[PDB]
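Trainee: coordinates only, sequence not included:
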RNA sequence: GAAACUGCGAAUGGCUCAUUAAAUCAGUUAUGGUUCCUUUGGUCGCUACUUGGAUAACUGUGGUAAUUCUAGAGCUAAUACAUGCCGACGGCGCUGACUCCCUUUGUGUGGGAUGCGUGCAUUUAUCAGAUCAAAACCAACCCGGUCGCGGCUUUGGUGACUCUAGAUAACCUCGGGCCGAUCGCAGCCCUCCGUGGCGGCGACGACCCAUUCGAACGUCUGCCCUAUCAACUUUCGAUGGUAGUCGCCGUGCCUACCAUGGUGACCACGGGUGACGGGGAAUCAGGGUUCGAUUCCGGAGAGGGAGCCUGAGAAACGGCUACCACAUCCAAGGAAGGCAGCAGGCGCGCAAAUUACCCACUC
RNA sequence: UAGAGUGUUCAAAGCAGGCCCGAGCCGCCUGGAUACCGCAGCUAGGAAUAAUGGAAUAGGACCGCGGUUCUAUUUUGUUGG
Ligand SMILES: [Mg+2]
Ligand SMILES: [Mg+2]
Ligand SMILES: [Mg+2]
Ligand SMILES: [Mg+2]
Ligand SMILES: [Mg+2]
Ligand SMILES: [Mg+2]
Ligand SMILES: [Mg+2]
Ligand SMILES: [Mg+2]
Ligand SMILES: [Mg+2]
Ligand SMILES: [Mg+2]
Ligand SMILES: [Mg+2]
Ligand SMILES: [Mg+2]
Ligand SMILES: [Mg+2]
Ligand SMILES: [Mg+2]
Ligand SMILES: [Mg+2]
Ligand SMILES: [Mg+2]
Ligand SMILES: [Mg+2]
Ligand SMILES: [Mg+2]
Ligand SMILES: [Mg+2]
Ligand SMILES: [Mg+2]
Ligand SMILES: [Mg+2]
Ligand SMILES: [Mg+2]
Ligand SMILES: [Mg+2]
Ligand SMILES: [Mg+2]
Ligand SMILES: [Mg+2]
Ligand SMILES: [Mg+2]
Ligand SMILES: [Mg+2]
Ligand SMILES: [Mg+2]
Ligand SMILES: [Mg+2]
Ligand SMILES: [Mg+2]
Ligand SMILES: [Mg+2]
Ligand SMILES: [Mg+2]
Ligand SMILES: [Mg+2]
Ligand SMILES: [Mg+2]
Ligand SMILES: [Mg+2]
Ligand SMILES: [Mg+2]
Ligand SMILES: [Mg+2]
Ligand SMILES: [Mg+2]
Ligand SMILES: [Mg+2]
Ligand SMILES: [Mg+2]
Ligand SMILES: [Mg+2]
Ligand SMILES: [Mg+2]
Ligand SMILES: [Mg+2]
Ligand SMILES: [Mg+2]
Ligand SMILES: [Mg+2]
Ligand SMILES: [Mg+2]
């Protein structure tokens, strides 16, 4: 088949080598996964020594984490924006490791609100009134400062981050090979990586 | 068909789990006793060390 | 030094995090980045430059992810044109036993030179150790540079 | 071809210390997979017809073993090519005799009958130490045994005296300078002496010295030392001549004086 | 107890030497960069007195010239196939309606019902992973005891880990992880008369860890003749960097962008070898010369090239599929094949044995 | 291969064999050595012979001292300024 043998290619000195044997099975190749976006489609392959291996095609959801707040929530995956190796994977939306994606960012909002009793990126004060303010202000008096002052001096979500929630889409980086674990996990961009990739996206495309 | 045999087999099959739990409890307890004892000699050596520091710090 | 990202992807040391807490330092402060480094063993003192420096190399034996194990060798430098890696030479004497006489031979080796050592010159001696295959033809990382034989680097007021 | 594991063993290629002849036939027993290495083992078939003469052909060994007479460390082994090895204690109930596999000083196993109040414990050499799940410390001996919850002072290269009905180590000798040792590899095979030294070359095959009861010293590798005694006092019983490895100029004299040409 | 489903083995053994010159192979080392049927030892507790439908052998009817070709109908098993309980959770963390004293509060109190998660394994992210050499003023403060002083701190291992163990927040492979709907000998107690209960010994299967037999990739040194082979190598990857794809893991192994490198008179690169490498063989004062297809070890191949199924293990040919070259049967529609296994035959040549006997010995 | 032991009837070979009671010993003794295994890698003594090096617009050692700077985490019980 396709193969990952060393012996088919020439040595330091630039001289050829003549073939030493037929292609063995332990030099086996197999074709790319090319995970797209859509409703789940996970296949499995049998690899050397039993050992199922889950190839992923058409993924949709990812277990992304928020390092500063130690949160992590199963989140929908919205799109791919920047690929650091080849660019025609963002034109065809293939989802591989160290890609850069937009996710939905809603469960992080819910956690932040319910934990710090504060509002994140909002538009007005009309929508917050009919519901969900019954959670921000409570019956409590004991507790409502006994713990919520421990949640004060700490709710300082960075400006670069705060500007994102106003659209509801967050930049994230994959940290798992979907084509070998079936899952597409990762983390959400913080600190200086954020500035880096903001610059890079604004620079190349558009 | 459920003859007396198959019931005996199930009885033994759960009896073994019972025995394993017994063994785990016994072994954990005994080793914990012995290890705690070792800690005692450790600390007694540490204290004879800081007690000996009070001598060779002299003069 | 502060600008080190030149590739199409962000360069950071793994096993290292950037917290986002306690914003009060005043008019300046910590660069906001600690350093990861480790020891090699066998008696090799990690260069202070590796600690204080600010660079990224997944293959540098003092900061990155490689283990030194097996043979230890040494050789004199003969070329440094490829980036982050150099070419060294080893001379030895084979023994023809019909005659009772030796014959001179040499062998070239590619090794990988972290940016920790910065002041190497053709002619320097270098002691290298064995790693996992880091490229097609590279199996050895530089562990310790030296110019300890004559015709030394600098004149005789050192 | 070779595309999978082999399963025959040729008579010439077999180990030397089995002391096999040359002209019986092309094969040798090929010990089955077990706790002891293929070169260090002694299959059960070779112990019953080449040494104790109890059987005569392979089938007689098979029908001696099937009747459940032979015990290797208490358990009842029915596989005739089972790999017995150093510190294993064969017991033949129907006769009432016992044995201990120990190297004789020429570097080969020999029959060594022991008293039945001794064949209840065997020594093992510690090979690994690790902390399992939930924080339980483990042990691995030279014959693949795994002891859970060992004392927190037993370390690598030490020796431990276990029981054959429980495991559950009882005593342990610690490797350091001054204890007895028997050597189990290379040139010095089956010699005994106090350890007396240990040099340490980091990353390659630390070396060890020894010293017999006659001044003779002989280095070795640390992975070939096997402590068998606290000091000058071997715990387990010893074969005749006690690992002293006399030279050939002495072996001739004893052969001549004893005139051991008959009985 | 025939047959038949099921399991296992068929990847060892045997034969030959065409290929192949830093390749194979030898000594030396490394997996801290991986997989491992089996054996050996660990590990086995977050309708249940027992579930489902459907096949073979067998009965019966068949087709074609032909094959270890197979169709239709009628029955019936499981350690095949496929579902799915019971036990024993009394767990703890986060939640916090409350209420209880002293300070309204804040802050100092103790309980607390109500709720979510709470076995191992998989994937991502985070936290901690301690002791160091002493003093002086400020707030709360343990203790020797009182309305401002002397005295104290916590797995394992390595030369070396981004190791091992621990904590947190989540994630989960279904039809695509585990915690027994299986089988054979031998027995017992009954607020007691066959049910409730419990006691032994094995066969089998199974998650992960170790061990064993290996396998795979990698380091240093080692080769016959040739200059009538002096420069070779590269977007048809040649040497290197960054990120990925793929793979059992390391790696231009392969893709995208970037740099312009790597090898050579110490013989690169090309060519030849009646070249498979070695343990060894013949001759030999001392040094050497020539041989090694051939019983032990390593490699490679089943007419030539190529592709793959099944499996722990094969790029397997006493396995399958296709092209090339051969060759057999035919009712001209179709089917079938691989002796460099043992005998035997043709051919080739100066050149090489019987179409015998037997598992009694080694395995 | 060299080499030790052993009347295969001697030898080439082989790894065997040797003892006494008639059986009443229900046995006993003993062997299956050793040397070699170039080069390359590993380990510790020797220092003749052969390569190789130290300060010449200097820098060696004594806590000798001034200037200047980064910084380690201990103790004052701990925690924090
Ligand atoms: Mg497996
Ligand atoms: Mg074979
Ligand atoms: Mg083959
Ligand atoms: Mg066997
Ligand atoms: Mg069958
Ligand atoms: Mg099989
Ligand atoms: Mg070939
Ligand atoms: Mg050539
Ligand atoms: Mg050629
Ligand atoms: Mg080579
Ligand atoms: Mg080898
Ligand atoms: Mg090799
Ligand atoms: Mg089997
Ligand atoms: Mg098991
Ligand atoms: Mg039917
Ligand atoms: Mg690269
Ligand atoms: Mg890579
Ligand atoms: Mg060029
Ligand atoms: Mg050049
Ligand atoms: Mg060539
Ligand atoms: Mg040849
Ligand atoms: Mg040939
Ligand atoms: Mg000669
Ligand atoms: Mg040959
Ligand atoms: Mg030929
Ligand atoms: Mg032949
Ligand atoms: Mg062969
Ligand atoms: Mg090999
Ligand atoms: Mg042919
Ligand atoms: Mg199989
Ligand atoms: Mg084939
Ligand atoms: Mg075959
Ligand atoms: Mg066939
Ligand atoms: Mg065919
Ligand atoms: Mg054939
Ligand atoms: Mg033939
Ligand atoms: Mg003729
Ligand atoms: Mg002839
Ligand atoms: Mg002829
Ligand atoms: Mg047979
Ligand atoms: Mg001879
Ligand atoms: Mg002879
Ligand atoms: Mg040789
Ligand atoms: Mg040598
Ligand atoms: Mg020396
Ligand atoms: Mg100066």
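Mentor: Yep, it's here. Numbering: from 1, shown residues only, chains lettered A, B, ... in the order given. Ligands and ions are numbered 1, 2, ... in the order given.
Trainee: make it CA atoms for all contacts and neighbour counts henceforth
Mentor: OK.
Trainee: what count of nearby residues applies to residue A:18?
Mentor: Per other Cα atoms under 10 Å in any protein chain shown, the neighbour tally for residue A:18 reads 10.
Trainee: can you show me the helices along chain A?
Mentor: Taking DSSP state H to define them, one finds helices in chain A at A:106-116, A:133-136, A:159-165, A:178-181, A:191-204.
Trainee: what comes up buried for the second one?
Mentor: What it means is helix A:133-136. When neighbours are counted by 16 or more other Cα atoms under 10 Å in any protein chain shown, no buried residue of helix A:133-136 is found.
Trainee: ok, the last one next?
Mentor: Of the residues in helix A:191-204, those buried by neighbour count under the rule 16+ other Cα under 10 Å are A:194, A:197.
Trainee: please apply the same query to the fourth one.
Mentor: Neighbour-count burial for helix A:178-181, with 16+ other Cα under 10 Å as criterion, is recorded at A:178, A:179.
Trainee: quick one on the thing from earlier: would you mind putting the helices of chain A into TSV with distance to chain C alongside?
Mentor: Below are the helices of chain A laid out as TSV (distance: least, Cα to the nearest Cα, whole Å):
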stretch	distance to chain C
helix A:106-116	15
helix A:133-136	24
helix A:159-165	12
helix A:178-181	20
helix A:191-204	7
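Trainee: with residue C:33 as the reference, name the closest of the ones you listed.
Mentor: Ranking the helices of chain A by proximity to residue C:33 (Cα to Cα) places helix A:191-204 first, at 10.9 Å.
Trainee: so who does residue A:31 touch?
Mentor: Listed by Cα atoms under 8 Å, 6 or more residues apart in numbering or on different chains, the contact set of residue A:31 is empty.
Trainee: please report how far it lies from residue A:1.
Mentor: For residue A:31, the distance to residue A:1 equals 10 Å [Cα to Cα, to the nearest Å].
Trainee: what's the answer for residue A:202, then?
Mentor: Distance, residue A:202 to residue A:1, using Cα to Cα: 42 Å.
Trainee: try residue C:49
Mentor: 49 Å.
Trainee: skipping adjacent residues, who's closest to residue 89 in space?
Mentor: You didn't pick a chain, so chain A it is. Counting by Cα to Cα, 6 or more residues apart in numbering or on different chains, residue A:83 is the residue found nearest to residue A:89 once chain neighbours are left out, at 6.8 Å.
Trainee: chain D was what I was after
Mentor: Leaving out its chain neighbours, the residue that sits closest to residue D:89 by Cα to Cα, 6+ apart is residue D:100, at 4.8 Å.
Trainee: count of neighbours near that neighbour?
Mentor: Residues near residue D:100, counting by other Cα under 10 Å: 25.
Trainee: check which helix or strand the closest residue to residue A:85 other than its chain neighbours maps to.
Mentor: Nearest non-adjacent residue to residue A:85, counting by Cα to Cα, 6+ apart: residue C:8, 7.1 Å away. Using DSSP states H and E, residue C:8 maps to neither a helix nor a strand.
Trainee: if I look at residue C:8, how far off is chain D?
Mentor: Distance, residue C:8 to chain D, by Cα to the nearest Cα, to the nearest Å: 40 Å.
Trainee: verify the stated contact: that residue with residue A:86.
Mentor: No: the pair residue C:8 and residue A:86 does not pass the contact test of Cα atoms under 8 Å, sitting 9.7 Å apart.
Trainee: between the two, which has more neighbouring residues?
Mentor: A count of neighbours by other Cα under 10 Å puts residue C:8 above the other of residue C:8 and residue A:86, at 13 against 10.
Trainee: quick check: domain ranges of chain A?
Mentor: What CATH domains of a matching chain lists as the domains of chain A is A:1-30, A:31-105+A:169-206, A:106-168.
Trainee: out of these, nearest to residue C:40?
Mentor: Nearest of the domains of chain A to residue C:40, taken as Cα to Cα: domain A:31-105+A:169-206 at 28.6 Å.
Trainee: for the closest one, measure first residue to last.
Mentor: Criterion Cα to Cα; first-to-last residue distance in domain A:31-105+A:169-206 is 33 Å.
Trainee: then stretch A:90-101?
Mentor: For stretch A:90-101, the end-to-end distance is 10 Å (Cα to Cα).
Trainee: so which strand or helix has the most centrally placed residue in chain B?
Mentor: Computing the C-alpha centroid of chain B and ranking residues by Cα atoms, centre = their mean puts residue B:31 first, at 2.3 Å. Under the criterion of DSSP H and E, residue B:31 resides in helix B:4-56.
Trainee: for chain D, just list every one of the helices.
Mentor: Here chain D has its helices, by DSSP H, at D:44-49, D:58-65, D:248-258.
Trainee: so which of those helices is the most packed in?
Mentor: For those, average neighbour numbers computed from mean count of other Cα atoms under 10 Å in any protein chain shown are highest in helix D:44-49, which has a mean of 21.
Trainee: can that helix be found next to RNA strand F?
Mentor: No: with Cα under 7 Å from any atom of the strand as the criterion, RNA strand F is not reached by helix D:44-49; the gap is at least 10.3 Å.
Trainee: which residues sit against that helix?
Mentor: Contact with helix D:44-49 is made by D:18, D:29, D:54-58, D:61, D:79-84, as judged by Cα under 8 Å, 6+ apart.
Trainee: contacts only, for the residue in chain D positioned nearest to chain B.
Mentor: Nearest residue of chain D to chain B, counting by Cα to the nearest Cα: residue D:149, 6.4 Å away. Shown in contact with residue D:149 (Cα under 8 Å, 6+ apart): B:27, B:28, B:31, D:136, D:137, D:138.
Trainee: and if you look at residue D:184?
Mentor: D:103, D:190, D:224, D:225, D:226.
Trainee: list just the nearest of the residues you listed to residue D:3.
Mentor: residue D:224 (33.3 Å).
Trainee: surely that closest one is in contact with residue D:181?
Mentor: No: between residue D:224 and residue D:181 there is no contact under Cα under 8 Å: 10.0 Å.
Trainee: higher neighbour count, those two?
Mentor: residue D:181 (26 against 18).
Trainee: can you count the residues close to residue 25?
Mentor: By default, I'm working from chain A. The tally of other residues near residue A:25 (other Cα under 10 Å) stands at 10.
Trainee: chain C was what I was after
Mentor: Residue C:25 has 8 neighbouring residues, counting by other Cα under 10 Å.
Trainee: tell me where chain C has helices.
Mentor: For chain C, applying DSSP H gives helices covering C:48-52.
Trainee: could I get the full set of strands for it?
Mentor: C:72-79, C:85-96, C:101-112, C:125-130, C:138-146 (DSSP state E).
Trainee: tell me the residues of chain B that contact chain C?
Mentor: Contact residues, chain B versus chain C (Cα under 8 Å from any Cα of the partner chain): none.
Trainee: residue C:130 - nearest residue in space that isn't next to it in sequence?
Mentor: Once flanking residues are discounted, residue C:130 sits nearest to residue C:140: 4.7 Å by Cα to Cα, 6+ apart.
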